[PDB]
Amino acid sequence: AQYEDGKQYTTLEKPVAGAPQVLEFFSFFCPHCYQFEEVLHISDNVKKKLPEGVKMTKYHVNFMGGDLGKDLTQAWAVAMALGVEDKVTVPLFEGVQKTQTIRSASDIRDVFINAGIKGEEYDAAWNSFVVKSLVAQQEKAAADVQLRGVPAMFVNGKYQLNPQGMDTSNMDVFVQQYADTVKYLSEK
């Protein structure tokens with residue numbers, strides 16, 4: 001076909017029942033994720049071609065950046081619980097990978113403060129149990145798919161995006177091909 005198993009995607013030998021429709025994994029330590037977010041804007045271009053009523057879920061992972069990596073999974077949980085993902089993603093990426101100003105939970109917290117989340121509000125979420133289950137959801141979802149690399153996208157727990165098999169000469173073309181693939185898999 002135009003879209004082949006092993007080409008633009010692969011198929012999970014052990015499919016994950018009851019999965020989020022479209023499920024993305026990233027790490028703030030992950031360089032390609034930095035590219036996927038800062039340059040390609042993949043999440044955004046995919047959502048813009050997804051059908052009506054398909055929900056998009058994005059989770060952080062622990063297996064990069066040691067102790068700071070888990071902190072980032074917790075703070076991403078805060079971002080989700082407070083609905084401030086769009087306000088912290090970029091300063092977290094640039095603080096970890098560009099400026100090197102994030103070295104501790106506290107520095108992670110500063111990013112939320114500068115973005116206008118209140119100190120009390122952040123510390124409260126950070127320590128909250130709503131956030132703990134958010135951390136657990138993130139972990140369980142990754143565990144569910146044997147995840148060992150990011151960035152990674154899954155559609156309906158059966159299909160995994162394969163960017164390596166798409167042409168990267170032209171970025172806008174790469175992105176469209178990625179988004180279109182997700183749409184195709186979505187309808188499968």
Side-chain angles (χ1 to χ4, degrees), residues 16 18-47 50 54-155 157 160-161 163 178 182:
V16 174
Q21 275 164 300
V22 180
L23 173 64
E24 195 167 327
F25 290 100
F26 82 111
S27 168
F28 279 116
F29 279 93
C30 156
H32 283 125
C33 305
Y34 185 106
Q35 294 306 323
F36 267 44
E37 164 73 29
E38 306 274 275
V39 178
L40 302 181
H41 303 285
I42 294 285
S43 294
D44 210 36
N45 277 277
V46 171
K47 160 176 194 114
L50 290 171
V54 136
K55 155 69 154 129
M56 208 150 163
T57 305
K58 171 133 84 192
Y59 289 159
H60 193 266
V61 298
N62 286 342
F63 61 80
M64 293 187 76
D67 212 275
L68 246 197
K70 285 199 71 169
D71 277 325
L72 285 161
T73 301
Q74 190 160 347
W76 183 246
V78 183
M80 278 178 302
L82 299 172
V84 300
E85 302 100 320
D86 299 339
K87 312 190 178 174
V88 293
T89 287
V90 167
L92 289 169
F93 263 117
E94 299 203 352
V96 175
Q97 288 189 60
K98 195 177 179 198
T99 58
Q100 278 211 24
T101 48
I102 306 173
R103 299 187 219 75
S104 61
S106 193
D107 297 324
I108 298 169
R109 184 177 180 275
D110 292 340
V111 172
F112 288 72
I113 304 292
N114 180 74
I117 293 91
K118 291 172 185 173
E120 185 36 49
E121 198 193 357
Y122 178 92
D123 297 337
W126 182 268
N127 291 293
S128 79
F129 286 84
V130 153
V131 156
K132 294 175 183 307
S133 39
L134 274 179
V135 167
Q137 284 167 247
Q138 297 187 90
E139 289 182 25
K140 179 196 183 284
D144 275 352
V145 292
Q146 286 81 36
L147 191 64
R148 98 199 89 157
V150 286
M153 182 169 308
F154 296 87
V155 187
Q160 183 193 349
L161 271 291
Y178 196 100
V182 175

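Sequence positions, counted from 1, serve as the residue numbers for this chain. Every heavy atom of this structure was used, including side-chain atoms; hydrogens, water molecules and symmetry mates were not.
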Participant: Do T101 and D107 have side-chain heavy atoms sitting under 4.5 Å apart?
Facilitator: no

Participant: So, do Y34 and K98 sit near enough that their side-chain heavy atoms are less than 4.5 Å apart?
Facilitator: yes

Participant: Within a strict 4.5 Å, meaning less than it, do heavy atoms of the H60 and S27 side chains meet?
Facilitator: yes

Participant: Do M56 and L50 touch side chain to side chain, with heavy atoms closer than 4.5 Å?
Facilitator: yes

Participant: Would you indicate whether the side-chain heavy atoms of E37 and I42 approach each other to under 4.5 Å?
Facilitator: no

Participant: At their closest point, which heavy atom of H32 faces which heavy atom of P151, and how far apart are they?
Facilitator: CB-CD, 3.7 Å

Participant: Identify the heavy atoms of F28 and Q97 that sit nearest to each other, and give their distance.
Facilitator: O-NE2, 2.9 Å

Participant: Could you tell me which non-hydrogen atom of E24 sits nearest to which non-hydrogen atom of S43, and how far apart they are?
Facilitator: OE2-OG, 2.9 Å

Participant: Can you find a pair of side-chain heavy atoms, one from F154 and one from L161, that are under 4.5 Å apart?
Facilitator: no

Participant: With a 4.5 Å cut-off on side-chain heavy atoms, are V131 and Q74 touching?
Facilitator: yes

Participant: Is the ring pair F112/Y122 parallel, tilted or perpendicular, if the boundaries are 30 and 60 degrees?
Facilitator: tilted

Participant: Please name the residue in the list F29, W76, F26 that meets the ring-ring contact (aromatic ring centres under 6.0 Å, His included) test with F93.
Facilitator: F26

Participant: When you look at NZ of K132, are more than 12 heavy atoms from neighbouring residues, nucleotides or ligands closer to it than 6.0 Å?
Facilitator: yes

Participant: What class does the angle between the rings of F36 and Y178 fall in, given that below 30° is parallel, 30 to 60° is tilted and above 60° is perpendicular?
Facilitator: perpendicular

